[PDB]
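To keep things clear, I will list the structure first and then write my remarks on it.
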Amino acid sequence: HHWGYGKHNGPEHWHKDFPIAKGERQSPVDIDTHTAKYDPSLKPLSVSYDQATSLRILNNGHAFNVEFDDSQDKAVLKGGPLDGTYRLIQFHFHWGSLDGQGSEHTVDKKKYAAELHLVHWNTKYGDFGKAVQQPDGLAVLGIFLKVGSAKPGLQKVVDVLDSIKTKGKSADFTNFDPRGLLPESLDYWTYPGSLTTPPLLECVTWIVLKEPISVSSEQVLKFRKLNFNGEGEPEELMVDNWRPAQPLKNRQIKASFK
Ligand SMILES: NS(=O)(=O)c1c(F)cccc1F
Ligand SMILES: [Hg+2]
Ligand SMILES: [Zn+2]
């Protein structure tokens, strides 16, 4: 039926309606530290989120998305492995039912408690819809979350979750600064891949940051209170909305550090 993360319609079943699930550049992948090739030609990332305008937040049944106004070059990403300018359109998380699982990408087989994705599209293409039809259409910045001390800048998001508990609900979310979710260093690993949920299109340049941000037990606990179901249906806790690591096949992961 419509895709999900449960026993009967989870990741292992997606290939039935989305054949691309067995493609050559699928995500996510495990990052083997000793095999990633340090590439010194890679340039440093350029994150310009000072003029970012958040609009709303909404539960879509798979995760929650904070949307931003992408009609002009307000919050952009360039540099690193990129060619051209990429506009931020939205961010979301992937998390688990226990502290030792939740991230999509792994490092030396290690699983973190969750993972943040900041989605951007190539301005060359005009709009998001066109960008998803190109090999270099999207650029997603990935950040790992580990359980420890509380992240001040995450709290604003934690507070509003009660108002978007079930599928379809949305709430205004203006004046949020995404710069409060970044770790100290911008060191990364990069590889060519795809969306981690259907339609599983292969249009993404993945940029996974080395340094994870830490959040509190209580902060992630509130993530686990959301619901997959819409209002009035039986309650199914929104947890473990992550895709298992896919085979790397004929690709290479480059690192911007040694
Ligand atoms: N999770 S993900 O980053 O790959 C992702 C996006 F960025 C955008 C749409 C769907 C989706 F699944
Ligand atoms: Hg594509
Ligand atoms: Zn994602």
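The numbers here are math on the coordinates, done by the rules we state, and not lab data. For neighbour counting, all protein chains shown are included, and Cβ atoms are generated from backbone atoms with ideal geometry for every residue, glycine included.
Has region 139-159 got at least one residue that is within 16 Å of ligand 2 (Cβ to nearest atom) and either over 19 Å from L88 (Cβ atoms) or buried (at least 18 other Cβ atoms within 10 Å of the Cβ) (or both)? Scanning region 139-159, I find at least one residue that is within 16 Å of ligand 2 (Cβ to nearest atom) and either over 19 Å from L88 (Cβ atoms) or buried (at least 18 other Cβ atoms within 10 Å of the Cβ) (or both), so the answer is yes. From the list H62, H105, the lone residue that is closer than 14 Å to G142 by Cβ and out of contact with any helix residue (DSSP H, G or I) (no Cβ under 9 Å at 6 or more places or on another chain) is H105.
Among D127, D136, which is the only one that is over 18 Å from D69 (Cβ atoms) and within 16 Å of ligand 1 (Cβ to nearest atom)? Reasoning before the result, please.
Working: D127 fails: over 18 Å from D69 (Cβ atoms).
Only one candidate passes the filter, namely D136.
Evaluation of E235 against the conditions (1) touching a residue at least 60 places away in the same chain (Cβ under 8 Å); (2) charged (D, E, K, R); (3) within 30 Å of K156 (Cβ to Cβ) shows that the sole unmet condition is (1).
Considering region 187-204, and only residues there that are of a type outside the set (G, A, S) and within 11 Å of ligand 2 (Cβ to nearest atom), the residue that is surrounded by the most Cβ atoms within 10 Å (Cβ to Cβ) turns out to be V204. Taking (1) more than 21 Å from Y49 (Cβ to Cβ); (2) within 16 Å of ligand 3 (Cβ to nearest atom); (3) polar (S, T, N, Q) in turn, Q90 satisfies each apart from (1).
For beta carbons closer than 9 Å, sequence separation of 6+ or different chains, a first residue in region 191-218 that is in contact (Cβ under 8 Å) with a residue 12 or more places away in the chain and a second that is within 15 Å of ligand 2 (Cβ to nearest atom) and basic (K, R), the qualifying pairs are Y191/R25; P192/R25; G193/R25; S194/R25; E202/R25; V204/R25.
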